[PDB]
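Visitor:
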Amino acid sequence: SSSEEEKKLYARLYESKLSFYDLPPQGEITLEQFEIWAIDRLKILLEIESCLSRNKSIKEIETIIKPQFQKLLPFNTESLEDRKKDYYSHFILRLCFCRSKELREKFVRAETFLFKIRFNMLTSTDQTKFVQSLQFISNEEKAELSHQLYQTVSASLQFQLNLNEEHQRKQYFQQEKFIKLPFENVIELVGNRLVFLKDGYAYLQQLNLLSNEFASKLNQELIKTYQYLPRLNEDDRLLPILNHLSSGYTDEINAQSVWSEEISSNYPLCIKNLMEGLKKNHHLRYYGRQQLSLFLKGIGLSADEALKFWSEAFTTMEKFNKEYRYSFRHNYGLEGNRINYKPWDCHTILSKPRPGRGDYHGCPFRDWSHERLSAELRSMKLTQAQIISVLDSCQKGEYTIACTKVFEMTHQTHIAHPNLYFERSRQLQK
Amino acid sequence: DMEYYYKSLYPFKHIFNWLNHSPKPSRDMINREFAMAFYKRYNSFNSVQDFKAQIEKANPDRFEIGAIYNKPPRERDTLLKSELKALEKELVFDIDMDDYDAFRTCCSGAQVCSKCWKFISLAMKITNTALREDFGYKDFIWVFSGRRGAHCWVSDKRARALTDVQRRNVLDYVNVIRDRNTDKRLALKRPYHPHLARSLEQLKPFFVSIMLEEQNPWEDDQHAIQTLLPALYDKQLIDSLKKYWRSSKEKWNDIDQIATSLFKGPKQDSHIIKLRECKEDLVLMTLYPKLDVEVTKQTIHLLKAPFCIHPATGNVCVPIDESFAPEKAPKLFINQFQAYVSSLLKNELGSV
Ligand code: SF4
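The listed protein sequences correspond, in order, to chains B and A.
Residues 42 to 174, 180 to 250, 254 to 299, 317 to 381, 387 to 482, 494 to 512 in the authors' numbering are what the first sequence lists, from first letter to last.
Residues 14 to 51, 56 to 262, 268 to 354, 375 to 394 in the authors' numbering are what the second sequence lists, from first letter to last.
#1: Taking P90(A) as the reference, which of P234(A), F47(A) and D181(A) has the closest Cα?
#2: Beta carbon of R82(B), beta carbon of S130(B): below 8 Å?
#3: Measuring only from the beta carbon, is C465(B) closer than 7 Å to any heavy atom that is part of the ligand SF4?
#4: At a CB-CB cut-off below 9 Å, which residues of chain A make contact with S200(B)?
#5: To be precise: take each residue of the region 211-236 of chain A, compare its Cβ to all Cβ atoms of chain B, and keep it if any distance is under 8 Å. Which residues remain?
#6: Sort out for me which residues DSSP pairs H332(A) with in a bridge.
#7: Would you list the one or two residues that DSSP bridges to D111(A)?
#8: Would you kindly work out how many angstroms separate the C-alpha atoms of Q168(B) and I410(B), rounded to a whole number?
#9: Based on the DSSP secondary-structure assignment, which residues constitute the bridge partners of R79(A)?
#10: Going by C-alpha distance, which of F161(A), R79(A) and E299(A) is nearest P333(A)?
#11: Quick check on the DSSP output: the beta strand (DSSP E) that includes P228(B) runs from which residue to which?
#12: I'd like the span of the beta strand (DSSP E) that includes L101(A), first residue to last.
#13: With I105(B) as the anchor, note down where its alpha helix (DSSP H) starts and where it stops.
#14: When DSSP builds the beta bridges, which residues end up paired with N337(A)?
#15: I'd like to know whether the C-beta of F157(A) is nearer than 8 Å to at least one C-beta of chain B.
#16: List the endpoints of the continuous beta strand (DSSP E) containing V199(B).
#17: Any residues in the region 175-186 of chain A with a beta carbon nearer than 9 Å to a beta carbon of chain B? Which ones, in chain order?
#18: Is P115(B) close to the ligand SF4? I mean its beta-carbon at under 7 Å from any heavy atom of the ligand.
#19: In whole angstroms, give me the CA-to-CA distance for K286(A) and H240(A).
#20: Go ahead and label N44(A) buried or exposed: buried means 16 or more other beta carbons lie within 10 angstroms of its beta carbon, across all protein chains shown.
#21: Given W235(A), which residues of its chain have a CB within under 6 Å of its CB, disregarding the five upstream and five downstream residues?
#22: Quick check: does the Cβ of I458(B) come within less than 7 Å of any heavy atom belonging to the ligand SF4?
#23: Using a C-beta cutoff of 8 Å, does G392(A) count as contacting chain B?
#24: Is the shortest distance between the beta-carbon of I183(B) and the beta-carbons of chain A less than 8 Å?
#25: Can you list the residues of chain B that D151(A) reaches, using a CB-CB cut of under 7 Å?
#26: By the three-class DSSP mapping on this structure, what secondary structure does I85(A) have?
#27: Can you check which of these residues, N231(B), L54(B) and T475(B), is closest to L179(A) by C-alpha distance?
#28: Per DSSP, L313(A) forms a beta bridge with which residues?
#29: Let's test the definition: count the other Cβ atoms within 10 Å of the Cβ of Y403(B) and tell me whether it reaches 16, buried, or not, exposed.
#30: To the nearest angstrom, how far is the alpha carbon of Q255(B) from that of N238(B)?
#31: Rounding to the nearest angstrom, what Cα-Cα distance links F242(B) and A189(B) in this structure?
#32: For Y503(B), verify whether its CB is less than 7 Å away from any heavy atom of the ligand SF4.
#33: Kindly indicate if chain A contains any beta-carbon less than 8 Å away from that of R215(B).
#34: Put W31(A) into one of helix, strand or coil per three-state DSSP.
#35: Following the continuous beta strand (DSSP E) through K512(B), name the residue where it begins and the one where it ends.
#36: On a CA-only basis, which of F51(A), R40(A) and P77(A) is nearest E16(A)? Give me that one, please.
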């Protein structure tokens, strides 16, 4: 087929910015683009699955994945190449994940969630265009049932679109169109009562219905592709790639609470030193920055809350966004190879270079003089015998033993992790 | 007595025609499960004569209607347990007087009368409104349970082919009053669903006439404290009303008067709105249908067949019309069943 025919067929296929993936793609693409596009969509899908397994909120999920859209598979672009990337990537993963039922379930779940997101950032005009591209009710029928439909959908609009004002809800309802469908296809909404039900028909919460239809059609197409796969088993090129891709699958703590006494009372000595140096200097150096950021990640501080806390502690935004935002997001494993970096344990902390002037990282039981450590203990109401005990532990090089002693006197005995210290201190209050 | 009832008085032909959904015998009756209480299950009959003869021979106190299977239930002993799969059964609702006993004073225990039958009648009205205006069902009939309850049999072909998930969703749509305890405020979701608003609007006119005058359950101060007061939202209002405490009407007006006396200032509007919402919630608690959730959930559930004799009172489980009362049920209607069965048959032919 010619280039003009391909362009016309594609423009017909993506008259809306989203597609249902009904007709398989037509054209020739290289093995390079095949593998690259399949890997890109698999990366986005693995990220959605990792977000699911952590029970993250929907909003947090799109916040994480929007840059991955801008990087791997950009959406809402008039470029034909990106649209073909999306289409061929979806069908390549369709080919790859159809071998087993578990793979099919995972694929359809992730793809339907991706559809949910993609419909979410699409605008209301674009959403209407895609939906029009399942019978919509006429204007007279909507006007006749306007009161009941408004009563049914008012709560849903308020809770999903955040239209707290009644006038905004009424304006949205005036423009909102509805689809007449039977309750057998909308039973899940009927049970929760999100759809007005009349004479055996449910008046559509349309995203849930669209996603369910997507899941059903996708599962049927996956089964059909599994039926047709033995014919395509004859090619030497694709089989290793499909096999590789199949095996490739296989707040209480916020920016203001970490500053409070309630949370800081559960910190170890090192984290107190980092926190206090941050407060004094409004800035921390690299090893101290990474140490404190990883500890905060271990205690449950979110990426957004970490960014807010780090921005407010560094009392311009230009240099922050240029130089520290990427580091503070990458500690959380949101870019690069996306390493959810494990917080440093006491061995990792003690393996770092010894701090100098202005450097606050490390272990106070090793880097501080005995006088400063002793004074910090008197500030903790530690008696002289206890101070002598922890100093004896420090003098032998058993800094972790000294920290464990400090924990016991201030509050499985041995603690070799600041996050373990914090968790046990929180448990003692729980 | 039961032998004579099944020999001469029970309408076997009409029940057979209703269950088979066709004048000629078909798999709707050959494969339909029958359970007999004397508890023998998985019985089926090939014709009206076989049905009558087996019922006369076994002589049960009552028998119950099951679902339609792929294979005859009478041959279950020759079939694997996984081979007998349920296909269709009429959608069924069960309402009893038990859940309204905390709100009635005319009868005590298991007794029923026309005065307390208003709760049941309003339950039928609301359920019929839901099924007709919402679900579009047309062929449904209400059958007396024998002592103080009513059974609904929805014979619509769409209702008959419903799966267990669909039946559960339908019940959840209808069963608004999920928590039957009278010591806790319902706190129903706001704003009301159109079905809930419509049900409240229909139940409002009868609320005064039944509860505040004819039943008068809150006239007893202890009864008021146990049921009427927990329906409120404000602890100060509850304490003030308890200290002040009359017939149900006087207490009902005292609620408004004390709320007006206590709640003043710019925030009084929220308080009066909340009080009105609590009053609507209590009206629904008192008057909304309180279905038996178990019988409706699954297709395999067994419900007592129509025209059965209640073992304790001798009342025959006759169909219920608008003017039916527990006293009107004869002791040990056929034409009404004829009209219903005929309408069901013509609707079935129209659907075909
Ligand atoms: S022993 Fe570990 S947790 Fe304690 S102060 Fe030293 S580095 Fe921090």
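Just so you know, even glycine gets a beta-carbon here, dropped at the ideal spot from N, CA and C.
Guide: A quick look at the data gives this:
#1: Among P234(A), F47(A) and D181(A), the Cα nearest to that of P90(A) belongs to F47(A).
#2: Yes, these two residues count as a Cβ contact at 8 Å.
#3: For the ligand SF4, no non-hydrogen atom lies closer than 7 Å to the CB of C465(B).
#4: Chain-ordered, the chain A residues with CB closer than 9 Å to the CB of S200(B) read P208.
#5: So the close ones are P211, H212 and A214.
#6: Paired residues: none, contrary to the question.
#7: Looking at the DSSP assignment, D111(A) forms a beta bridge with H168(A).
#8: Looking at the two C-alpha atoms, the distance is approximately 35 Å.
#9: According to DSSP, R79(A) bridges with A50(A).
#10: The residue with the shortest Cα to Cα distance from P333(A) is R79(A).
#11: Membership of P228(B) in the beta strand (DSSP E) is indicated by the continuous run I225 to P228.
#12: Run containing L101(A): none; DSSP gives neither H nor E here.
#13: Counting along the chain, the alpha helix (DSSP H) containing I105(B) begins and ends at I99 to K112.
#14: Bridge partners of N337(A): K353(A).
#15: Judged by the 8 Å Cβ criterion, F157(A) is not in contact with chain B.
#16: No beta strand (DSSP E) contains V199(B), which is instead part of the alpha helix (DSSP H) from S192 to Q206.
#17: Taking 9 Å as the upper bound on Cβ-Cβ separation, chain B lies near residues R175, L179, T180, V182, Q183, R185 and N186 of the region 175-186 of chain A.
#18: No, the ligand SF4 has no heavy atom inside 7 Å of this Cβ.
#19: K286(A) and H240(A): Cα-Cα distance of roughly 29 Å.
#20: Its Cβ being crowded by 16 or more others within 10 Å, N44(A) is buried.
#21: Excluding positions up to five away in sequence, the list reads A241, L245, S270 and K273.
#22: Because no heavy atom of the ligand SF4 lies under 7 Å away, the Cβ of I458(B) does not count as near it: no.
#23: When Cβ-Cβ separations below 8 Å define contact, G392(A) makes no contact with chain B.
#24: Residue-level contact check: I183(B) does not touch chain A, since none of the beta carbons of chain A fall below 8 Å from its beta carbon.
#25: Within chain B, the residues near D151(A) are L243 and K244.
#26: It is a strand residue.
#27: Closest by alpha carbon: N231(B).
#28: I112(A), per the DSSP bridge assignment.
#29: Buried, because 16 or more other Cβ atoms sit within 10 Å of the Cβ of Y403(B).
#30: Distance between the alpha carbons of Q255(B) and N238(B): 14 Å.
#31: Taking the Cα positions, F242(B) is about 14 Å away from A189(B).
#32: For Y503(B), the shortest separation between its Cβ and any heavy atom of the ligand SF4 lies below 7 Å.
#33: By this cut-off, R215(B) is not an interface position.
#34: The three-state reading of DSSP puts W31(A) in helix, counting H, G and I together.
#35: According to the DSSP assignment, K512(B) belongs to no beta strand (DSSP E), since it is labelled neither H nor E.
#36: Each of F51(A), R40(A) and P77(A) was checked against the Cα of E16(A), and the nearest Cα belongs to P77(A).
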